[PDB]
Amino acid sequence: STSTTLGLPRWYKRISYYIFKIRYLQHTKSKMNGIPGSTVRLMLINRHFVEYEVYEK
Amino acid sequence: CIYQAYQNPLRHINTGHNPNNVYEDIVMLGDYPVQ
Amino acid sequence: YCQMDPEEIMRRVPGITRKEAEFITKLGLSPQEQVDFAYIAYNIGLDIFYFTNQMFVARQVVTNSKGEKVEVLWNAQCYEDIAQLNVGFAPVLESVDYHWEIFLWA
Amino acid sequence: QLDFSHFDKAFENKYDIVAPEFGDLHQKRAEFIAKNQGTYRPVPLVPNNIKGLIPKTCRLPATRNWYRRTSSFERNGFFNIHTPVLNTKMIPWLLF
Amino acid sequence: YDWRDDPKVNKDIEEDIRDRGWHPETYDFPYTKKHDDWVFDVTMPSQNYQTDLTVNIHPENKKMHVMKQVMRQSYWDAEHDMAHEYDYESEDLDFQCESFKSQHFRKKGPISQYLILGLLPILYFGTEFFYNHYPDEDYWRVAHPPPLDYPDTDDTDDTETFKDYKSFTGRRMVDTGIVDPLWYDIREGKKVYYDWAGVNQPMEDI
Amino acid sequence: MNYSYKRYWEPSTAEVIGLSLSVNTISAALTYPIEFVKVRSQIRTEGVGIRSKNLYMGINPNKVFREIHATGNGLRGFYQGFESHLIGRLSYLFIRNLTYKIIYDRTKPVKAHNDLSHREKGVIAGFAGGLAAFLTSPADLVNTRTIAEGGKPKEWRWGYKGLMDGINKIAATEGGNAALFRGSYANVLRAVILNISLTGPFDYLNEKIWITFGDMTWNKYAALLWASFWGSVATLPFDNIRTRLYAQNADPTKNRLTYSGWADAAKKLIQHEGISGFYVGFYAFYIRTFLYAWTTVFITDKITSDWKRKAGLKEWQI
Amino acid sequence: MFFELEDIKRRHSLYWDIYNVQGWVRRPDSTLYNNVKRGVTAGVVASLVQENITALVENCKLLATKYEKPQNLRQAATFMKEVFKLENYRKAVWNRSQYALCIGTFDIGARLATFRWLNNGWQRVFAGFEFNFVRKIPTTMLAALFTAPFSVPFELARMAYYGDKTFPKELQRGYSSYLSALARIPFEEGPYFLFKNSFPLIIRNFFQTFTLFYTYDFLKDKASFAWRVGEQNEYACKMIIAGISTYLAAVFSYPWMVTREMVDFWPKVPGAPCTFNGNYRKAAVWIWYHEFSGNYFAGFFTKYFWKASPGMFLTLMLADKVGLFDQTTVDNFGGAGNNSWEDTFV
Amino acid sequence: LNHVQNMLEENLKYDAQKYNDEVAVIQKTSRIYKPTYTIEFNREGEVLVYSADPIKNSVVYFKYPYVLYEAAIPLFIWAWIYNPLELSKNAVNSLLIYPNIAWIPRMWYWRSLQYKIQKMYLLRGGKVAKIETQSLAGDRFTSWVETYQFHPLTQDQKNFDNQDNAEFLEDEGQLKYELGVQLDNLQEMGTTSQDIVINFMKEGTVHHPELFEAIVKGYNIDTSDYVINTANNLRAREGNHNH
Ligand SMILES: CCCCCCCCCCCCCCCCCC(=O)OC[C@H](COP(=O)([O-])OCC(O)COP(=O)([O-])OC[C@@H](COC(=O)CCCCCCCCCCCCCCCCC)OC(=O)CCCCCCCCCCCCCCCCC)OC(=O)CCCCCCCCCCCCCCCCC
Ligand SMILES: CCCCCCCCCCCCCCCCCC(=O)OC[C@H](COP(=O)([O-])OCC(O)COP(=O)([O-])OC[C@@H](COC(=O)CCCCCCCCCCCCCCCCC)OC(=O)CCCCCCCCCCCCCCCCC)OC(=O)CCCCCCCCCCCCCCCCC
Ligand SMILES: CCCCCCCCCCCCCCCCCC(=O)OC[C@H](COP(=O)([O-])OCC(O)COP(=O)([O-])OC[C@@H](COC(=O)CCCCCCCCCCCCCCCCC)OC(=O)CCCCCCCCCCCCCCCCC)OC(=O)CCCCCCCCCCCCCCCCC
Ligand SMILES: CCCCCCCCCCCCCCCCCC(=O)OC[C@H](COP(=O)([O-])OCC(O)COP(=O)([O-])OC[C@@H](COC(=O)CCCCCCCCCCCCCCCCC)OC(=O)CCCCCCCCCCCCCCCCC)OC(=O)CCCCCCCCCCCCCCCCC
Ligand SMILES: CCCCCCCCCCCCCCCCCC(=O)OC[C@H](COP(=O)([O-])OCC[N+](C)(C)C)OC(=O)CCCCCCCCCCCCCCCCC
Ligand SMILES: CCCCCCCCCCCCCCCCCC(=O)OC[C@H](COP(=O)([O-])OCC[N+](C)(C)C)OC(=O)CCCCCCCCCCCCCCCCC
Ligand SMILES: CCCCCCCCCCCCCCCCCC(=O)OC[C@H](COP(=O)(O)OCCN)OC(=O)CCCCCCCCCCCCCCCCC
Ligand SMILES: CCCCCCCCCCCCCCCCCC(=O)OC[C@H](COP(=O)(O)OCCN)OC(=O)CCCCCCCCCCCCCCCCC
C-alpha cells in the first residue's frame, strides 16, 4: 500500500504544497510510464475498425 | 523438537515441556543426587 | 511543460544558481509557481535536487549563528495517527514494513 | 544427469514442429506480413467525385463539431474523465 | 544451486507479469533499498531548451517504456521466521536486543484460506440453513401439493371441494367471480392440477 | 436408505455389454484429448515437479494444449494412440462389466427395493476392475508410450504406429511376453482406486442434496461434480505412478530417472518433488473424468428410461 | 454396472409443505422447442438491426474520412443519400446480415434459451416483490458460462473473412460470402483456428449476458412499483430499465475487450520482453488490478458501445415482448397457493 | 485473436511502432520571428499584448435564441396546469420536461463567454503565452500555453486560416474582425483539453501587434533585445470592468 499524502498530510505552507505537487507529478509520470501516449491512443481508437468489403480505390 | 534437538537438556531440568522424540532428562527416573 | 526562462528566474531571485533554475524549470510547475519555489528554495537553502520519500520529504543546509553549516531534514508526518504513519527505513513511498511491536524497546 | 547444478537436455520440453500450425497459406501470409507490414497499405474503395459532397482536403476546426466531448486525454497518456465539460454538464442532472 | 528453481532455465515456471522487477526473497526486513528516483527523458527532456527558439517540446510524442508494476508485498520465509520467533525456555533471558533486526515483521503467506474467507457468507449461511435444515426439512424442498385426499379428508377436502364447485352453488359463486375457478381435476384415481394453477403435480405415493 | 433403492428392472447381460461398449466408445472419443494433455503434462513434469508458487502452482492444461497444437499436427495430433486407447478401454470395460454383473447376479438380494451395500459393491467393483486392468494392461502401456513419444527425445521415442505394431515391437525388441505387462500392478491399483472412489461420494451427495432441496434435476449433476472431484483426488497419484512406469524406457540410459517398481517410483517422486508432485495435471484429470462420467450417465439414463417406459414400469419406478 | 461410476436411483416418500407457490415450478411453455424458437427469433431480429446499424455507421465514417461531414440538415440528408448508394455499404449490409442471422441464431438464441431454461420456474410473490433473488444468481451464472463461447467461432470467422478481403490476389482465399468463409475455414485452417486465444470474446460474452439478463430481470420486478403504485407508464419504465441494463453491460464488458489493443496493437519496447507476454488473460488481470479506470475505458463509445449496446437493448425488448422474462404469479392464499385454507380468512 | 491476419491491422501496428520510434518529444522548428523593436517586459518578466472586457462588451441576458427558448416555459406550464388538450396523466406530465431543459443552452453560452481572452502576456524567451479570462461569476482562470499550439481560423470561423499569410490585423495594428484561434492542447485548471477554440474580440486593444501576430501564427519570438521596466502598478486580485 502507498499513502495518498506522500508524507505531507497538510499543506500548511506553499513550500509544502510545491513539494507535494512535485512528488505527485513524478509519481504520476512513473505510473503512466507503461502506457502509450495520447497521439498513439487516439490514432488506435480512430482506426481500430478494419472490416471493409471493397478495396483498391 | 522432532528429529531435531534445539534445546539443551543439560540446562533444562525436565525435557517433557514440549512433545519431542530427541530429548532425554539428565536426571532420569530413579536417579537421585544425594550428598 | 511551459518552462520559464532560467535567466529570468535568476534575475527575479538574484542569488539562485543557473543549474537550480534549470532544474526548477524542468519541474512541472506553472511559471509563477516556479519563480516562487526558486525564491523560497534560495532563501531557505533547501536543496531542490532531493527526491522526496517516506523518511524525509526535503533537506536543507543552513548556516547557524556559529558559522557552521548544518543539515535539517523534514520528516514525513501523519495526521494524529501513528497507525497511518509509515514507519520505514528506505527512500520509498510504499509502506513495505509491517511491525507487530510499534515500540520494540518499550 | 542426476546433479541439478547444470541443466541437461534429458529434461528438455520442446515438441517438434512438423508443419505450419495453420497451413502453408497461413505461413505464406505471415511471411508476406513480416516483409511488407508497412509498404502494403490497401484502402477501401470510395467514389472520388460526388456532386453534392465537398472533398475533405484539410483538417476541420472544432467549430464544425455537432457534439462536444466530455472526457479528454493528457499529453502523457492519462485519460481524464473529470473535465470542465463534465463539470458544466453535471449541473442540470444534479439540479433535477 | 538448482536449475529447477530458476525461471530462466526452467520454462515450466509461469512468470507473473504483475510482479516483474520485484523479488520478495531479496527484501531486507527492514526494507532498505531505493528503487525510485528522478526520472526524465520520458515526457520532460533532461536537457535545456527554455531559450532554444528552434526547439519546441511535444509531450504527446511520449516513447513507451517498460511497465512499472506496483511493488509486491513481502512473502514469508517459513523456516527463517520460525527460527527467528523461536525462543529457548529456561535458557534465554527475557529482554529485547539493541539490534532492530529482531523486530517481528509481518509477511504474507499462502492465499488458499482466503478463498474460504471470501466464500464464508455462502458457507456460513449454507451451514446455518441447509446443513441444519433450519427451520424445517420442507422449507427448502421443491413444493408439491398433497395427493388426492391425503393424508385425510378433514385436511385435504379435495372431493368435497370438487363436488361443491360442480354443484349449483359453486357455479353461481364462480359466476359472481368472488371465487376463482377450480384449479384441479380428479382423474381416474389421481388429482391433476391445471397448467394455469402455477403449481407442481402432487408427488407419487410410491 | 437400505430400502430406498428401486431395482425394479435389470438389463440383461448382452444389453449391458452392448450399451456399455457403445457409450464408453463415444465417451472416450469425445474426451480423449483431455487425457492426452494430462499424460503429456505428467511426462513433461516428470523428474522436476511443481516449482511455481501460490496461484501458479501446477502446469497449465491450456498451455500444454497450445504447445501441442503448435506442432502443426492440428486436432488430429491429439488423437495419436487413440486406436490403442479405445481398444484397451473396450477390453477393460467388457471384462469388468462381465465379471461385475456375474458376481452381482450371484449375490444379489431377493427384494427389488434392496441393494448391496456400498462396501460390498465397492469390493466387487474393485475386484472386477483389478482383473480387467491386469488383463488389458499392454494396451494402456502402448497408448501411454505413444502419447509420451512426442514429449520425449526422438532418440528415446519408440515409434509405435498402432496397437498391434506396438505389441509386436515390445514382444520382439524387449523380448518375451513379460515385457507386455510392465506397470500392470500400477494399472490394477489405479483401476481399483477409481472404481472404489466414485460410486460412494456420488450417492452420498446426491442423497444429501435430495434431503435438502427435495427432488430436482440438478442434484444428479452436482453429485457428479462432487464424485468426480473426490475420485480424481483419490486416484491421480496412482495414475501418475502408472504413467511414469509406462514411460520408463527399457534402457536405463534412455530413462531420465530409472524405476524398479511402484514403490521405487513413489520414493523417487517423493524425493525429487514434494507430495504435491503426485497431482500434476489435476485440472485435466478432473475435466476428463467429469466429462466422461457425465456423457456416460446421460446416455445410459436416457436409454434405460426409454427401455423401462417400453416395458411398462410406473413413473416412480423409473 | 455399466462403468466405474454408478448412477444410483432411489425412491422417496411423500412430502408436502403449507405453500405450493413462490418456489420452483417449471412453466408449461418452457420446452426445448418453444424456448429455442423464441430465443432464435429475438436474437435474429436484434442481430439484424444491430449489424445494419453498425454497417451504416461505419460506411458513414468511411465517407466522412474522404468528404467533409455535414454542416446542416440538407447536407446531412444528401450525405445519407450518398452513403445508402455506396457499393461498399451494400456489400457490408449483405455480409453483416448473414453474420447477424448466424450469430443471432447460434449465440443470442442460445443465451435466451438457456436463461429461460434455468430461470423459468422462479415464481414471484403475489401482491408483492420477488425477494430471495439470490436464488436466480447461480442460474444466470450457469447460463452465462454455458453460452459464453458460442459466439467466438462465428466472430473469428467474420474477422478472418474481412482480413482475407484485404490481401493480394495470390494470398487471398477468395471467399464468396460470410457463409462460404464460415463453411470453408473449419476444413482449411481447422476448428481450433476459430477458438484459439478466445478469452477476450468469451469473458466479454459472459459479462454481457449475465449483467444484462440478470439485471433486467431483477429491475423489471423490483422497480415495478413505479407503475404498480405510482401509475407510471409501464412501457416507458421497461424501456428505461432496458437502457440501464445495456449501459451496464457495455461498461462491464468493454474493459475485457480492451485486452486486444494492449497486447497486440500497443507499440512494443525494443530490447524488452512483452509486458503481458502476449496473454490476454494476464492483460485482463492487469486491467482488473489497475488503479485508474479511464486508462482502459478510453475509446469506450467510439469502439464498442455503438456496436454492442443497441443489439442488447433490442434483445431485451424482444425477449420481454415474446415472454422470455415472464414469471408466473399466483395468490398464496388461493386454492392452489396453500394447503391450509382454515387460516386464510380467520 | 492475433492468429487472424488482417493487413489493415498490420499497417496500423506498423504505423504506431514507426511513429513511436521516429517522432520524439523534442522537435525542430524553423518558425522563428525576430521583432524589429526592443521588447519592454513588465516587472514580472512578461509583455502584455492583448486586453479586452468580453463580459462588458457582450450580451448576457437578452440573447437570441435563448430568449426564445426561455419564453416557452410559461406556455408549457400553462398547458400542464389546464390540460387544454385533454391528455392522460403521463402524457400531460410529459409537458414538464421542457422547463428542466430549456435553460441549458443559456448556461453553455454563459460558459463560452468565459473563453474570450481578457488578458494576454508573452513570457521571456517567446515560447510561452499566458491567457487570463474570467467567468460571468467572477472566477478568474489563467493558463499558460506554448506558442506552437495556436492555429488561427478564417473570418467565417469554419476553417483553419493559413498561418503564414493571415490577414486579421488592420494597417495600424488592430483586429479587422473578432479573431478565433484554436489551441491544440489547453491546460485549464490543471486539466488538459484538446482543440479548444478561444476568441479575441474586435473591441479590444492590441498591444505589440507584431508580437500578437507572431503568437497567433505560432512563430517563436526572439526576445534577445529586451529591457525590464520595474513598475508595480498591478496588484493581486486587481479589480477591473470585466464583471
Ligand atoms: C424498442 C424500442 C426501439 C426504438 C427504435 C430503435 C431503432 C434503432 C436505433 C439505433 C440508434 C443508433 C445510434 C448510433 C449513433 C452512433 C454515434 C457514434 O458512433 O458516435 C461516436 C462518437 C465519436 O465520434 P467521432 O468520430 O470521434 O467524433 C468526432 C467529431 O469531431 C465529433 O462528432 P461530430 O460533431 O462531427 O458529429 C457528427 C454528427 C453527424 O452529423 C449530424 O449530426 C448531422 C445531422 C443533424 C441532424 C440531427 C438529428 C435530427 C433529428 C433526427 C433524430 C434521429 C436519431 C435516430 C437515432 C436515435 C437513437 C440513437 O454525428 C453525431 O454526433 C451523431 C449523430 C446522431 C444524432 C444525435 C442526436 C439525436 C437526437 C434524438 C432526438 C429524439 C428523436 C426522436 C425520433 C422519434 C423516434 C424515436 O462518440 C460517441 O459515441 C458519443 C455519442 C454520445 C451521444 C449522447 C450524447 C448525450 C449524452 C447525455 C445523456 C443523454 C441520454 C440519457 C440516457 C437515455 C437512455 C436511458
Ligand atoms: C476445513 C474447513 C471447512 C470450511 C470452514 C472453515 C471455517 C473457518 C473459520 C471462518 C471464519 C474465519 C476465516 C478466516 C480465514 C483466513 C485467516 C487469515 O487471515 O489468514 C491467516 C493469517 C495469516 O496470514 P497473513 O496474516 O496473511 O500473513 C502471515 C503469513 O501467514 C505468515 O504467518 P506466520 O509467520 O505467523 O506463520 C503462521 C501462518 C502460516 O500458516 C498459515 O497461514 C496456514 C493457513 C491459515 C490457517 C488458519 C488456521 C489454522 C489452525 C488454527 C487452529 C487453532 C490454533 C491451534 C494450533 C494450530 C496449528 C496449525 O499461520 C497463521 O498465521 C495461522 C494462524 C491462525 C490462528 C488461529 C487462532 C486465532 C484465534 C481464533 C480467533 C477466531 C475465532 C473464530 C471463531 C469464533 C467462534 C465464536 O492469520 C491471521 O490473520 C489470523 C487469523 C486468525 C483468526 C481466523 C482464522 C482461524 C479460524 C479458526 C476456526 C474457526 C471456526 C469457527 C466456526 C466453526 C466452529 C466449529
Ligand atoms: C511408508 C508408507 C506408509 C503408508 C502410506 C502408503 C504410501 C505409498 C507411496 C509412498 C511411499 C513409498 C512406497 C512404500 C510402500 C510400503 C509398502 C510396500 O512394501 O508396498 C509395496 C507394494 C508393492 O510395490 P512394488 O515393490 O513397486 O511392487 C510392484 C512391482 O512394481 C510390480 O511390477 P510390475 O508392475 O512389472 O508387475 C508385473 C506383473 C507380472 O505378472 C505376474 O505376476 C507374472 C506371473 C504370474 C502370471 C499369471 C497371472 C494370473 C493369470 C493366469 C491364471 C492361470 C491360468 C488361467 C487360464 C488360462 C488363461 C489365462 O507382476 C505382478 O503381478 C505384480 C508383482 C507380483 C508378482 C509375483 C506373484 C504375485 C502373486 C500374488 C498376486 C496375484 C494377483 C496379481 C494381480 C492382481 C489381481 C487381479 O505396493 C503397494 O502395496 C502399493 C502401495 C500400498 C497399497 C496399500 C495401502 C496401504 C496404506 C493404507 C493407508 C495408510 C494410512 C495411515 C498411515 C499409515 C502409515 C504407516
Ligand atoms: C455450464 C457451467 C456453468 C457454471 C457456472 C459457474 C458460476 C460461478 C463461477 C463463474 C466463473 C467461472 C470461471 C471459470 C474459470 C475461468 C478461468 C479463466 O479465466 O481462465 C481459463 C482460460 C485461461 O486460459 P489461458 O491458459 O490463460 O489461455 C489464455 C488464452 O487467452 C485463452 O486460452 P486458450 O486460447 O488456450 O483456450 C481457448 C479454449 C476455448 O475453448 C472453447 O471455446 C470451448 C469452451 C470451453 C473453453 C474454456 C477454457 C478451456 C478449459 C479447459 C478445457 C475445457 C474443455 C471444454 C469445457 C468443459 C470442461 C470445463 O480452447 C481450448 O481449450 C480448446 C478448444 C477446442 C477446439 C474447438 C472444439 C470445441 C469442441 C467442439 C465439438 C464438441 C461440441 C459441439 C458438438 C456437441 C455434440 C453435438 O480462459 C478461457 O478459456 C476463458 C475464461 C473466461 C472466464 C470468464 C467466465 C467464462 C468461462 C467460460 C468457460 C466455460 C464455457 C462453456 C463450456 C463449459 C460448460 C458446458
Ligand atoms: C499401516 C498400514 C497398514 C495397511 C494394511 C493393513 C490395513 C488395511 C486397511 C484397509 C482399509 C480399506 C478401507 C476401504 C474403504 C472403506 C470406506 C468406508 O468404510 O466408508 C464408509 C462407507 C459405508 O458404506 P455403506 O455401504 O455402509 O453405506 C453408505 C451409505 N450410508 C451411510 C447411508 C449407510 O463405505 C464405503 O463407501 C466403501 C466403498 C469402498 C469399498 C471397497 C473397499 C476396497 C475393497 C478392495 C477389495 C479387493 C480388491 C482387489 C485387490 C487385489 C490385490 C490383493
Ligand atoms: C491429515 C492426516 C493424514 C496424514 C498426514 C498428512 C500426510 C499427507 C499430506 C498431503 C498434503 C497434500 C498433498 C497434495 C498437495 C497438492 C497441492 C496442489 O494443489 O498442487 C497444485 C496442483 C496443480 O494441478 P494442475 O497441474 O492441474 O495445475 C492447475 C493449476 N494451475 C492452473 C494454477 C496451473 O493443484 C491441484 O492438484 C489442486 C488439487 C489438489 C488436491 C490435493 C489432494 C491430496 C490428497 C492426498 C491423499 C489422497 C486422498 C485421500 C482423501 C480423499 C479420498 C478418501
Ligand atoms: C450473504 C450470503 C447469503 C445470501 C442469502 C442466502 C439465503 C438463502 C441461503 C443460501 C445460502 C448459500 C448460498 C446459496 C445462494 C443461492 C441458492 C439459494 O439461495 O437457495 C434458495 C433456493 C431455494 O429456495 P426457495 O425454494 O426459492 O425458498 C422459498 C420456498 N418457499 O435454492 C436454489 O435456488 C437451489 C440452489 C442449489 C445450490 C445451493 C448450494 C448452496 C451451498 C451453500 C454452502 C454449503 C456449505 C456446507 C458445508 C458442510 C460442511 C461439512
Ligand atoms: C419503494 C420504497 C423502498 C425503496 C427505497 C425508497 C427510497 C426513498 C427515497 C426518496 C426518493 C424516492 C421517491 C420515493 C420512493 C419511490 C416512490 C414510492 O414510494 O412509490 C409511491 C409513489 C407515490 O404513489 P402513491 O400516490 O402513494 O400511490 C397511491 C395510489 N392510489 O409512486 C410514484 O409516484 C412513483 C415514483 C417513482 C420514482 C422512483 C425513483 C427512484 C428509482 C430510481 C430512479 C428511477 C429513474 C427513472 C424513473 C422513470 C419513471 C417513468
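For each chain, numbering restarts from 1 and follows the sequence as written, which can differ from how the entry numbers it; residues lacking coordinates are not listed. The lettering of chains begins at A and the numbering of ligands begins at 1, in the order of writing. All values in this entry refer to the displayed chains, which constitute part of a larger assembly. Side-chain calculation: all heavy atoms of the structure are included, whereas hydrogens and water are not.

Structure determination for this PDB entry was carried out by cryo-EM, with a resolution of 2.9 Å recorded in the header.

Chemist: What should I look at first to understand the overall build of chain A in this one?
Modeler: Under the scheme used here, helices are H or I runs from DSSP no shorter than 4 residues and strands are E runs no shorter than 2 residues, and both carry numbers assigned from the N terminus. Looking only at helices and strands, chain A has 2 helices and 0 strands in total. In terms of overall size, chain A is more extended than a compact globule, its C-alpha atoms giving a radius of gyration of 21 Å where 57 residues would be expected to give roughly 10 Å. Judged by the C-alpha coordinates and their principal axes, chain A covers about 65 × 25 × 15 Å. Computed by Shrake-Rupley with a 1.4 Å probe, the accessible areas treat only the displayed protein chains as cover when residues are assessed. Taken as a whole, chain A presents about 2600 Å² of accessible surface, with 54% of it coming from carbon and sulfur. Atoms considered for the radius of gyration are the C-alpha atoms alone. The globule rule reads 2.2 Å times the number of residues to the power 0.38.

Chemist: Hey, could you run me through the overall build of chain G in this one?
Modeler: Regarding its fold elements, chain G presents 13 helices and 0 strands. The secondary structure elements of chain G, listed N-terminal to C-terminal, are α-α-α-α-α-α-α-α-α-α-α-α-α. Expressed along its principal axes, the backbone C-alpha trace of chain G runs to roughly 80 × 65 × 45 Å. Working definition: with a 1.4 Å probe on protein chains only, accessible area under 20% of the residue-type maximum means buried, over 50% means exposed, and in between means partly exposed. Relative to its 346 residues, chain G shows a buried fraction of 59%. In the structure as shown, chain G presents an accessible area of about 15000 Å², 66% of it carried by carbon and sulfur atoms. Note that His is not counted, nor are the chain ends; the positive residues are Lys and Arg, and the negative ones are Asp and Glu. Throughout, a charge is located at the NZ atom of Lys, the CZ atom of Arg, the CG atom of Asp or the CD atom of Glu. Side-chain charges in chain G split into 39 positive and 29 negative, and the spacing between the mean points of these groups amounts to 7 Å.

Chemist: Before we go on, may I ask you to explain the sheet that holds strand β10 (residues 191-200) of chain H in this structure?
Modeler: Strands in a sheet are paired, the pairing made by backbone hydrogen bonds, and the direction either parallel or antiparallel. All names here are of chain H. Pairing between two strands is assigned when DSSP locates at least 2 bridges connecting them. With antiparallel pairing, the 3 strands of this open sheet are ordered in space as β8-β9-β10. In this open sheet, the two strands that pair with only one neighbour each are β8 (150-152) and β10. Looking at each pair of strands side by side, their axes are set apart by 20° on average, direction ignored. Across 9 bridges, strand β9 (residues 179-188) lies against β10 in antiparallel orientation. Residue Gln182 lies in a different strand from β10, and its bridge partner there is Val197. In the packing of helix α7 (residues 209-217) onto the sheet, contacts are made with β8, β9 and β10, and the angle to β8 comes to roughly 100°. For helices, the axis comes from a line fit to the C-alpha atoms of the stretch in contact; other axes are also lines fit to C-alpha atoms, and the angle between any two N-to-C directions lies between 0 and 180 degrees. The contact definition used throughout considers only heavy atoms, calling two residues in contact when any of these lie within 4.5 Å.

Chemist: Explain the site of ligand 5 to me, please; I cannot follow it from the model alone.
Modeler: Residue and element names in this part refer to chain F. Taken together, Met1, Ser117, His118, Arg119, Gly122, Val123 and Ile196 make up all the residues around ligand 5. Throughout this description, a polar contact denotes any pair of N or O atoms lying within 3.5 Å of each other; where both atoms belong to protein, one of them has to be capable of donating a hydrogen while the other can accept it, and for residues adjacent in sequence the pair is counted only when both atoms sit in side chains. A distance of 2.7 Å separates an oxygen atom of ligand 5 from a polar atom in the backbone of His118. Here an oxygen atom of ligand 5 sits 3.2 Å away from a polar atom, N or O, in the main chain of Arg119. For ligand 5, the protein covers 31% of the area, taking 1300 Å² as the surface of the free molecule. Among the elements that make up the shell around ligand 5, the one with the highest residue count is helix α4 (residues 118-135) (4 residues). It suffices for a single heavy atom of a residue to lie within 4 Å of a molecule or strand for the residue to be listed as near it.

Chemist: Would you mind going over the interface of chain G and chain E with me for this structure?
Modeler: Often the size quoted for an interface is simply the accessible area lost on bringing the parts together. In this assembly, 34 residues from chain G lie in contact with 34 residues from chain E. When two components associate, each loses some accessible surface as probed by a 1.4 Å sphere; the sum of these losses over both components is called the buried area. Buried surface at the junction of chain G and chain E, both sides included, amounts to about 3000 Å², of which 64% is carbon and sulfur. When the buried area of chain G at its contact with chain E is split by residue, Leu14, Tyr15 and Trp16 of chain G rank highest and sum to 25% of it. A carboxyl oxygen of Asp or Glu within 4 Å of a side-chain nitrogen of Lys or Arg is what we treat as a salt bridge. Linking chain G with chain E are 1 salt bridge, by the criterion used here. Here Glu14 of chain E makes a salt bridge to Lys282 of chain G, at a shortest N to O gap of 2.5 Å. Taken together, chain G and chain E are joined by 9 residue pairs in polar contact. Along the lines of polarity and charge, the residues of the side of chain G that touches chain E split into 21 nonpolar, 9 polar and 4 charged. Under the convention adopted here, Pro, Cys and the residues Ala, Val, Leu, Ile, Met, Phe, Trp and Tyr are nonpolar, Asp, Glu, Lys and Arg are charged, and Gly plus all remaining residues are polar.

Chemist: Can you help me understand the pattern of salt bridges in this one?
Modeler: A side chain of one charge can pair with a side chain of the opposite charge when the charged atoms of the two come close. This structure, assessed with the given rule, holds 87 salt bridges over all chains. With a closest N to O distance of 3.0 Å, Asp16 of chain D and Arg157 of chain F form a salt bridge. In this pair, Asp16 of chain D is assigned in the segment before α1 (24-35) and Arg157 of chain F in the loop between α5 (137-151) and α6 (163-175), connecting two distinct chains. A relative accessible area of 28% means that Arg157 of chain F is categorised as partly exposed. A salt bridge links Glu21 of chain D to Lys196 of chain G; the nearest nitrogen and oxygen atoms lie 3.1 Å apart. In this pair, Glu21 of chain D is assigned in the segment before α1 and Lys196 of chain G in the loop between α6 (178-188) and α7 (199-222), connecting two distinct chains.

Chemist: Hey, could you run me through the interface of chain F and chain G in this one?
Modeler: With 47 residues of chain F in contact, the opposing surface of chain G contributes 16 residues. Summing both partners gives a buried area of about 3100 Å² for chain F against chain G, and 60% of it is carried by carbon and sulfur. Applying the counting rule to chain F against chain G returns 5 salt bridges. On the surface where chain F and chain G come into contact, there are 14 residue pairs in polar contact. Partitioning the side of chain F that touches chain G into residue classes produces 22 nonpolar, 14 polar and 11 charged.

Chemist: So what exactly am I meant to see when it comes to the site of ligand 6 here?
Modeler: Residue and element names in this part refer to chain F. Near ligand 6 lie 15 residues; those nearest to it are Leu55, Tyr279, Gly281, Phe282 and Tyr283. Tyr279 is positioned with one of its backbone polar atoms (N or O) 3.3 Å from an oxygen atom of ligand 6. Here ligand 6 loses 48% of its free accessible area of 1200 Å² to cover by the protein chains. Secondary structure elements with two or more residues in the shell around ligand 6: α9 (218-247) and α11 (282-311). Grouping the amino acids of the shell around ligand 6 by side-chain chemistry returns 11 nonpolar, 4 polar and no charged.

Chemist: Honestly, the environment of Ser305 of chain F in this entry has me stumped. Any pointers?
Modeler: Counting through the fold element by element, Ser305 of chain F comes out in helix α11. With 20 residues separating them in the primary sequence, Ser305 of chain F and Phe285 of chain F have C-alpha atoms 30 Å apart.

Chemist: Would you take a moment to explain the nonpolar core for this structure?
Modeler: The tendency in soluble globular proteins is for nonpolar side chains to be buried as a group. The definition of a nonpolar core used throughout is a set of buried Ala, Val, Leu, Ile, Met, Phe, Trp, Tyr and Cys residues joined through side-chain atoms within 4.5 Å. Core analysis: the biggest nonpolar cluster contains 75 residues, and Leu44 of chain A together with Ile185, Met262, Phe276, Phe300 and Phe325 of chain G have the highest contact counts within it. With residues up to four places along the chain from it excluded, the contact list for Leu44 of chain A reads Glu261, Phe265 and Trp266 of chain G together with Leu12 and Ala16 of chain H. Counting residues in hydrophobic clusters, the runner-up holds 35 residues, among them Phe168, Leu179, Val181 and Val206 of chain H.

Chemist: When you look at the pairing of strand β1 (residues 56-63) of chain C in this model, what are you seeing that I'm missing?
Modeler: Sheet faces and side chains relate simply in a regular strand, where the side chains alternate between the two faces. Direction of pairing for β1 of chain C relative to strand β2 (residues 69-75) of chain C: antiparallel, over a ladder of 7 bridges. Across the sheet, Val61 of chain C pairs through a bridge with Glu71 of chain C, a residue of β2 of chain C.

Chemist: Just to check I follow, could you spell out a nonpolar patch on the surface for this structure?
Modeler: Residues enter patches when they are more than 30% accessible in relative terms and free of salt bridges; like-charged ones are connected within 9 Å and nonpolar ones (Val, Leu, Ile, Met, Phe, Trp, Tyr) within 5 Å. Taken together, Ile111, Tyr114, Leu117, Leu120, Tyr124 and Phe125 of chain E together with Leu55 of chain F make up a surface patch of nonpolar side chains, about 790 Å² in accessible area. Those elements that place two or more of their residues in the nonpolar patch are α2 (112-118) and α3 (120-131) of chain E. Among the elements that make up the nonpolar patch, the one with the highest residue count is α3 of chain E (3 residues). Among the structural elements, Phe125 of chain E can be located in helix α3.

Chemist: Would you mind going over a negative patch on the surface with me for this structure?
Modeler: Together, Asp154, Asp155, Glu160 and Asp164 of chain E together with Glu342 and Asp343 of chain G make up a region of like negative charge exposed at the surface. Within the residue set of the negative patch, elements represented by two or more residues are α4 (153-156) and α5 (158-166) of chain E. Residue placement: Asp164 of chain E occurs in helix α5.

Chemist: Where do I start with unusual backbone geometry in this structure?
Modeler: For the bond running from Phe29 of chain E to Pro30 of chain E, omega is 10°, close enough to zero to count as cis. When you line up the elements, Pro30 of chain E lands in the segment before β1 (55-57). Although it is not a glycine, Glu56 of chain A sits at a positive phi angle of roughly 65°. Exposure remark for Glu56 of chain A: the relative accessible area of 67% places this residue in the exposed category. Look at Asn83 of chain H: it is not a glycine, yet its phi comes out positive at around 45°. Looking at the secondary structure, you find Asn83 of chain H in the loop between α4 (73-82) and α5 (89-93). Take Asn83 of chain H: its relative accessible area is 25%, and that puts it in the partly exposed class.

Chemist: Would you mind going over the sheet that holds strand β5 (residues 119-123) of chain H with me for this structure?
Modeler: Residue and element names in this part refer to chain H. The antiparallel open sheet is built from 4 strands, whose spatial order is β4-β5-β6-β7. Strands at the two margins of the open sheet, each flanked by one partner only, are β4 (46-51) and β7 (140-146). On average, each strand axis in the sheet is inclined to that of its neighbour by 25°, with strand direction left out of account. Where strand β6 (residues 128-134) meets β7, 7 bridges bridge the pair, whose relative direction is antiparallel. Counterpart to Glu132 in the pairing with β7 is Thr142. The sheet strands contacting α7 are β4, β5 and β6, and the helix crosses β4 at an angle near 85°.

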